[PDB]
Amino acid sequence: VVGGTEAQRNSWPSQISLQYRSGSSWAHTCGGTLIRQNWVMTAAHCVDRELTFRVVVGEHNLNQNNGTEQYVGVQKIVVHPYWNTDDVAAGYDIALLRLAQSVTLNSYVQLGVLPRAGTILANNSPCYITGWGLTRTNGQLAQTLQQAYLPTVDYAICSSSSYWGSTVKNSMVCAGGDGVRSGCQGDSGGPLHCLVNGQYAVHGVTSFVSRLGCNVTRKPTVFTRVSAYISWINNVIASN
């Protein structure tokens, strides 16, 4: 997250860190949202590589013991049938990970609330992006969970010429674009939390930023629109 502030430990308890086995250690590669005690929602592009993945819930500082972490293996990966690695602009950048065990919920580990199917946010809706991604374009990962206030940019504005044009689809949410705050590499797969009727719900899965940089004016961070995939999410969990 570029232009973020450090999150309080208990603010975003559905946030997970998706990590892959790297030599003798584990390395953070993406965020995700815990949606059931044994299911995580993330971006399909985070699991394109055939790596050994694990999920950490109750995580705050990647590099220090917090006393709250639970570590669990990924047993099954279900990417969207229509995801195409060579075409992120087509959308469908979403995957569901079934965990090897059910995690224990507490004030640090909670399920993410999903929006009702088809819900579209009004322009400039209040949302926050969270993650341990790069804190500068071509920088390094954050140690502690960052958050940035990223208001939505509705589809009509975001698909105009001066913003993303034809690259953004109506199956996506745009947020930010002020040149100062944004998602960045390593935030991919994570939540966009938006306040709706007094409750935060996860309306986006972080998908992509500009090839030119993370925080680029009029190139808002682009998210998979979760409310476009509620039937698919529920059909996958009910059979696995």
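Residue numbers here begin at 1 and follow the sequence given.
Looking at mean Cα B-factors across 119-127 and 154-162, the upper value is held by 154-162.
Of the two segments, 168-176 and 186-194, the one listed with the higher mean B-factor is 168-176 (C-alpha atoms only). Across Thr221, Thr224, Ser17, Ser22, the greatest Cα temperature factor reported in the deposited entry is at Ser22. In this PDB entry, the Cα temperature factor of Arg181 sits in the middle third of its chain's modelled residues. In the deposited entry, the Cα temperature factor of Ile230 sits in the middle third of values across the chain's modelled residues. Among the modelled residues of the chain, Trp26 sits in the highest third by CA temperature factor in this PDB entry.
Ranked against the other modelled residues of its chain, the C-alpha B-factor of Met41 as given in the entry falls in the lowest third. In this PDB entry, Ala7 carries a Cα temperature factor that places it within the middle third of its chain's modelled residues.
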